[PDB]
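This report concerns only the one structure given below.
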Amino acid sequence: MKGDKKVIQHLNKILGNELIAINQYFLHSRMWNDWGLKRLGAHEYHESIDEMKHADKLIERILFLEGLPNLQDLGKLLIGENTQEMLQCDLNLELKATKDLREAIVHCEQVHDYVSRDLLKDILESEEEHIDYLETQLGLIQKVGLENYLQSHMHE
Amino acid sequence: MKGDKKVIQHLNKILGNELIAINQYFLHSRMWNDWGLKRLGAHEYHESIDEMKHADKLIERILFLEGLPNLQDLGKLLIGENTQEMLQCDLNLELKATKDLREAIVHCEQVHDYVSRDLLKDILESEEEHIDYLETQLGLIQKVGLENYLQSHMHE
Amino acid sequence: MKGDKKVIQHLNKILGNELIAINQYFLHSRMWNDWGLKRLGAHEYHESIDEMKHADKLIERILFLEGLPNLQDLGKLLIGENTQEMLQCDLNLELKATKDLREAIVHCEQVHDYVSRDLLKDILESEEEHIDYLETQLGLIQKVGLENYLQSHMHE
Amino acid sequence: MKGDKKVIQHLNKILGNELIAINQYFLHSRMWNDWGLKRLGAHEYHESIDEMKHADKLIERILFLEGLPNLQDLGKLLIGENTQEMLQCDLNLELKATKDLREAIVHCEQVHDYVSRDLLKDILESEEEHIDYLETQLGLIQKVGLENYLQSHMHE
Amino acid sequence: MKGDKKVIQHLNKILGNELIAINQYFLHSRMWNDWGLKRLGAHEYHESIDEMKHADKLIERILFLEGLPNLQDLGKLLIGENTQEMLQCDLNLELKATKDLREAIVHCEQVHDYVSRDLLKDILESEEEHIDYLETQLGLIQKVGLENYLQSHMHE
Amino acid sequence: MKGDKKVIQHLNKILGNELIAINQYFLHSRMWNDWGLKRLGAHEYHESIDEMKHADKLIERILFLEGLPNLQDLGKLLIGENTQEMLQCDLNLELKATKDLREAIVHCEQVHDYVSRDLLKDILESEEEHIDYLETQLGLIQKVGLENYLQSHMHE
Amino acid sequence: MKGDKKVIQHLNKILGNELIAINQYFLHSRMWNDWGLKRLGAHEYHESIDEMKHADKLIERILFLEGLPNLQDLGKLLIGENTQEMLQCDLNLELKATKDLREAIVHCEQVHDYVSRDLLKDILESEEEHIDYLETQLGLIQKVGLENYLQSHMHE
Ligand code: HEM
Ligand code: HEM
Ligand code: HEM
Ligand code: HEM
Ligand SMILES: O=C1NC(=O)c2c(NCc3cc(Br)ccc3O)cccc21
Ligand SMILES: O=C1NC(=O)c2c(NCc3cc(Br)ccc3O)cccc21
Ligand SMILES: O=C1NC(=O)c2c(NCc3cc(Br)ccc3O)cccc21
Ligand SMILES: O=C1NC(=O)c2c(NCc3cc(Br)ccc3O)cccc21
Ligand SMILES: O=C1NC(=O)c2c(NCc3cc(Br)ccc3O)cccc21
Ligand SMILES: O=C1NC(=O)c2c(NCc3cc(Br)ccc3O)cccc21
Ligand SMILES: [K+]
Ligand SMILES: [K+]
Ligand code: NA
Ligand code: NA
Ligand code: NA
Ligand code: NA
Ligand code: NA
Ligand code: NA
Ligand code: NA
Ligand code: NA
Ligand code: NA
Ligand code: NA
Ligand code: NA
Ligand code: NA
Ligand code: NA
């Protein structure tokens with residue numbers, strides 16, 4: 001079904017954000033596991049898988065609309081070097097991702113692509129859940145202290 | 001069955017205290033959950049449900065006694081700004097509530113409304129259990145430190 | 001995640017309506033049980049629980065958006081004196097609720113808070129189901145007669 | 001297998017009656033459900049489904065006999081404005097349907113299409129059962145009164 | 001609950017499209033079965049049932065909104081004479097249906113009938129899934145050839 | 001445990017090939033699914049997952065050796081426009097990957113990193129299985145013809 | 001089957017290292033249990049058993065190759081005096097073990113004793129896993145602090 005060219009461009013932009021997030025979260029997961037923070041490692045692994053599932057749905061939608069999914073142009077990964085910075089890097093990425101999701105939804109609404117809008121709304125709900133998790137973890141570091149926060153994430 | 005007018009007034013006063021407690025405990029529960037202190041959030045949620053069940057019984061008793069349950073007047077919620085204050089706000093409310101329960105029981109006894117006394121005694125037992133929990137949490141903060149206390153309430 | 005101030009005010013307004021409905025439906029439920037109309041009491045009890053669940057979701061969203069949920073202000077309960085009036089009181093409350101939900105959704109759309117819109121739309125779907133239930137009960141009273149209508153709601 | 005041209009015309013007339021009945025019974029079902037007469041709504045839904053099954057068999061037989069099943073020409077639906085009228089509308093349709101079935105069977109017998117006759121006989125047995133149901137309900141309205149009759153069909 | 005007059009007109013227009021699709025798909029299903037292409041026949045039967053379920057939901061919504069569901073006016077069925085035409089006839093009908101769904105959603109949004117919009121959006125998702133299936137079948141006829149494509153749809 | 005710098009560079013080169021293959025095979029999978037060739041889509045999906053698992057093991061090994069896994073550089077994806085070209089693009093990538101695996105094993109052996117050698121040997125075994133699959137599919141297309149080959153990959 | 005003399009000497013050197021590790025890890029295990037650090041005690045017990053299993057396989061190989069397994073000569077145990085030192089003592093022993101394994105594999109390869117090489121490679125993989133565990137524990141001490149680290153290893 002021929003889709004709106006600019007909708008397809010938005011979908012490819014959201015896809016690109018998901019492709020960044022997949023790799024950033026996967027690497028953060030394996031860094032945390034390497035450091036013995038296996039509860040963080042496991043949670044971040046599931047965050048990466050969730051992004052993989054969003055990217056799948058976006059690829060499938062682009063193809064149905066007769067566009068070409070762009071899996072080639074990988075943007076900048078935000079890789080932290082300590083737990084607090086890794087969480088902040090994930091949060092910064094998610095905040096960019098939700099800004100792009102909102103702009104894409106606006107355009108879907110204007111050209112009446114209501115199914116594309118609904119997919120993007122579902123993705124946006126998942127990313128706002130991720131923002132909640134991230135903001136909460138950063139708050140917990142402040143409340144319980146870094147050493148306790150890390151201690152509580154050693155064991156899965 | 002026509003009940004004593006002042007018994008009904010006493011029951012409506014206890015119900016008013018329970019209505020405050022429901023909302024105060026529910027809000028504290030959701031604040032703790034938002035902050036990631038999910039063991040506190042869950043325990044406080046169960047406190048709120050317990051007050052809901054007490055309010056239900058009071059409403060049912062008032063109607064059997066041919067009175068009008070007062071769900072319209074809501075007194076002042078005591079909302080803390082951090083974990084220590086929230087626990088103290090709950091404890092301050094509970095101590096007011098047990099004072100009012102004791103005065104209500106005195107009056108039921110004097111007009112021979114022994115069934116209402118028995119209900120109020122059961123509610124009082126629950127409120128004293130809640131006081132014990134609250135006093136114990138405040139003591140633990142002193143014994144293990146606030147940071148450890150909070151750490152121990154992150155995970156259910 | 002910092003939300004739009006006016007979204008939060010709308011969410012608190014909706015929460016305010018839900019808090020009225022919780023108490024109004026709970027009281028109506030217990031009145032109907034006291035009168036031996038236990039099928040009405042059970043159904044109205046589940047309406048009250050449904051509003052509690054909506055209130056929970058709203059409180060949770062407000063906190064995520066870094067607002068203060070308002071559980072302190074309780075508006076006017078509409079309590080009937082007989083079954084027909086109680087049903088009409090519930091219907092009047094629900095018509096106000098859905099008007100306010102629609103205005104809140106307009107605003108969420110304008111500021112691109114698509115997740116708050118989606119929550120409010122789900123609540124609106126539940127309230128329209130409640131409106132259908134209430135309109136249908138008032139119509140059944142006309143079709144079968146008040147005495148038959150009440151008879152059919154004696155046993156659960 | 002080439003069928004008799006007039007048999008196929010008869011089968012298409014029967015099919016035409018079933019297509020009216022499907023829609024008429026389906027709309028009546030959903031009207032009764034909307035009014036809270038769920039027992040009537042459920043029963044009328046099952047009547048609609050049964051006519052769908054008859055239409056299916058007629059379509060299949062016509063195609064086997066190398067005719068064109070007419071799903072395009074929808075005759076007049078008889079929709080009532082209250083329960084008694086809806087039942088009477090269904091009954092009037094059924095009495096027309098059984099008259100056309102009998103005429104179709106006469107012709108099948110004359111041209112030795114005994115398999116088409118057997119199918120129409122089975123459909124006719126179903127339609128006479130539906131007539132029994134409808135006549136019985138109209139008789140019950142008189143025997144128990146309309147208010148009781150409707151009361152007995154509120155709940156499934 | 002009194003609905004917007006033009007919403008109701010749009011819902012009846014969507015319903016009319018569904019009623020065409022029910023009959024068109026059912027007839028195509030039974031033609032394919034008659035030809036021994038039972039896998040196509042079974043799939044097309046399920047498409048017809050899906051349209052039956054959408055029609056049901058639209059009828060229910062129109063009645064709740066105090067409108068009259070139009071099951072009397074049946075538009076033009078697009079019936080093909082071979083597999084390739086039957087699939088293209090279904091796709092042509094689906095593309096008109098989605099145009100009409102988009103225009104209905106625009107109006108629902110303008111008058112704040114967000115629950116009707118949500119219903120139409122769900123139906124639109126189902127119709128886009130049907131378009132995907134249909135476009136894919138026409139593409140497979142090209143990629144595997146017509147004889148293979150038909151061969152692969154003989155047996156369930 | 002600090003690893004040999006050139007081993008880590010080889011591991012990152014292998015990881016780079018796996019990252020290309022993940023995306024290429026995932027896109028090919030979803031292209032085949034969009035075209036209705038779901039058996040090809042499923043098989044190619046499982047090849048993508050396999051490469052994901054290889055990439056995971058490489059990331060973990062590089063971190064253990066105190067290197068930085070390179071998930072930022074993505075080389076050129078080879079995306080075909082039809083089934084034969086897609087298979088040949090996968091085969092070309094695999095043949096580059098196995099060449100690079102062999103050079104890396106030579107260097108692991110020279111510096112006595114026998115565990116890295118063993119991991120790369122296991123990956124090489126998987127890639128030679130993939131080469132077998134691809135070469136075999138290309139041979140089958142020649143033996144049974146493209147139309148039959150695609151027909152046999154329509155259904156899982 | 002008569003083995004290479006120097007291969008057997010290498011196997012006996014590896015066995016010598018395993019015999020040290022068995023005793024060193026078993027004593028550290030029982031020290032940690034005595035101190036109430038039972039999670040460390042259990043984990044170190046399992047490391048000791050793993051070394052027992054490697055020693056068994058080496059003894060079995062030496063005897064097959066017609067050599068005499070040396071269980072008489074026990075080298076210097078590295079026993080720590082606190083948790084940090086004990087983990088470091090284990091790590092120091094493991095790093096010497098892996099050096100000796102690599103040198104043994106070199107010789108096995110040169111004289112074509114590929115089965116002995118394979119056994120030593122499997123042991124080497126286990127010892128590198130043990131090095132990963134130890135380095136990770138020493139890193140956790142730095143990140144969570146010694147008091148938290150020990151706290152986390154009190155209970156199993
Ligand atoms: C650094 C790149 C990637 C890594 C390291 C990676 C890793 C993984 C792993 C380890 C799994 C679990 C497999 C299993 O054990 O069953 C997985 C699953 C999956 N991946 Fe990836 N992946 C990557 C990229 C992608 C991309 C780019 C996509 C889509 C475009 C994707 C889509 C999926 C899907 C759909 C699943 C299945 C999840 C489920 O339902 O359980 N992945 N990935
Ligand atoms: C007059 C005030 C209230 C009364 C009398 C009341 C009563 C009840 C009762 C009897 C229950 C079921 C307990 C059980 O299953 O044993 C319940 C459940 C619940 N209440 Fe309330 N309640 C009130 C107010 C509230 C408020 C203001 C909230 C705010 C969120 C709330 C949230 C809940 C929730 C989330 C449940 C669980 C429902 C479920 O998932 O089953 N309640 N309430
Ligand atoms: C107003 C038009 C129609 C409506 C609203 C309607 C509605 C329905 C519904 C809701 C179902 C059950 C779906 C489920 O399983 O949940 C159904 C089943 C069915 N319909 Fe229809 N339908 C319509 C027209 C037709 C027509 C015209 C035919 C044949 C030409 C037909 C044949 C069938 C059959 C064979 C079944 C399955 C019966 C069984 O359970 O064995 N329907 N219909
Ligand atoms: C201080 C010296 C040692 C101690 C305290 C020790 C202790 C133990 C214990 C407690 C068990 C498990 C007993 C059970 O509950 O079944 C065990 C198992 C075993 N030990 Fe030792 N051991 C020592 C030395 C050795 C040596 C020198 C060897 C071989 C060279 C060895 C080989 C084994 C084997 C093969 C097992 C079987 C465990 C399994 O796979 O289930 N041990 N040892
Ligand atoms: O919280 C409240 N509890 C109440 O009973 C109530 C109200 N009662 C209405 C009423 C009902 C009867 Br039957 C007889 C007299 C009468 O005034 C009105 C507003 C708020 C409340
Ligand atoms: O219903 C109510 N919801 C509320 O948030 C609330 C109150 N807030 C206390 C508070 C908490 C924080 Br943290 C930051 C500021 C602040 O004022 C007080 C009374 C009643 C209510
Ligand atoms: O209700 C209807 N039943 C029908 O068969 C039908 C139509 N048939 C199309 C057709 C198919 C073939 Br193969 C050969 C001739 C032919 O006309 C067209 C419109 C409406 C209907
Ligand atoms: O397709 C049709 N949908 C309909 O509602 C309908 C008809 N309705 C009769 C009716 C019922 C009521 Br209650 C109120 C007004 C009213 O006119 C009659 C013929 C055909 C149709
Ligand atoms: O693909 C990537 N793999 C990575 O490790 C990585 C990054 N690492 C940050 C980093 C840099 C240095 Br210098 C030392 C330690 C360190 O953690 C940053 C961007 C992209 C990537
Ligand atoms: O650790 C030890 N391993 C051993 O095999 C061993 C000993 N074996 C004596 C022996 C047995 C045979 Br059969 C053939 C030759 C031979 O000298 C004696 C003392 C200590 C050890
Ligand atoms: K601690
Ligand atoms: K009666
Ligand atoms: Na939070
Ligand atoms: Na956590
Ligand atoms: Na506790
Ligand atoms: Na009573
Ligand atoms: Na109704
Ligand atoms: Na009822
Ligand atoms: Na009946
Ligand atoms: Na045939
Ligand atoms: Na397609
Ligand atoms: Na198929
Ligand atoms: Na195959
Ligand atoms: Na490590
Ligand atoms: Na540990």
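Labels below follow one simple rule: chain letters A, B, ... track the order of the sequence lines, proteins then strands, and each chain is numbered from 1. As the structure lists them, so they are numbered: ligands from 1, and atoms in each ligand from 1. These values consider heavy atoms only, across backbone and side chains, with no hydrogens, waters or symmetry-generated copies.
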| query | Is B:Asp34 close enough that one of its N/O/S atoms sits under 3.0 Å from the Na ion (ligand 13)? | reply |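 Looking at B:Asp34, which is the residue asked about, there is an N, O or S atom under 3.0 Å from the Na ion (ligand 13).
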
| field | Part of D:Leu27 within contact of ligand 8 (heavy atoms, under 4.0 Å) | value |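 The answer is the side chain of D:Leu27.
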
| request: For the pair D:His43 and D:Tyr45, evaluate ring-ring contact (aromatic ring centres under 6.0 Å, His included) and give the outcome as yes or no after the intermediate values. | output: CA-CA 5 Å; D:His43 191 280; D:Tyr45 170 82; over 10 Å; no

Donor-acceptor list for residues 77-85 of chain D side chains, cut-off 3.5 Å, not counting sequence neighbours:
unit_1	atom_1	unit_2	atom_2	d
D:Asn82	OD1	D:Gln84	N	3.3
D:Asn82	OD1	D:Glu85	N	3.0
D:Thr83	OG1	D:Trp32	NE1	2.9
D:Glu85	OE1	D:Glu81	N	3.1

| Parallel, tilted or perpendicular, as decided by the 30° and 60° cut-offs, for the rings of A:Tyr25 and A:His130 |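 Geometry flag for A:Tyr25 against A:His130: perpendicular rings.
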
| message | Is there a side-chain contact between E:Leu119 and E:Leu58 in this structure, where contact means two heavy atoms from C-beta onward sitting under 4.5 Å apart? | response |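 In short, these two side chains touch, coming nearer than 4.5 Å.
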
| Has D:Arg39 got more than 12 heavy atoms of other residues, nucleotides or ligands less than 6.0 Å from its CZ? |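 No - once you tally the heavy atoms of other residues, nucleotides and ligands closer than 6.0 Å, there are 12 at most.
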
| query | Under a 4.0 Å heavy-atom cut-off, what residues line ligand 10? | reply |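 Residues near ligand 10: G:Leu68, G:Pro69, G:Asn70, G:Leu71, G:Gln72.
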
| query | Would you call G:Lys96-G:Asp100 a salt bridge at under 4.0 Å N-O? | reply |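 G:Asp100 and G:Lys96: salt-bridged.
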
| said: Any salt bridge linking G:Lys6 with G:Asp113? Criterion: basic side-chain nitrogen under 4.0 Å from a carboxylate oxygen. | reply: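 Looking at G:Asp113 together with G:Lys6, the answer is no, because their closest N to O distance does not fall below 4.0 Å.
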
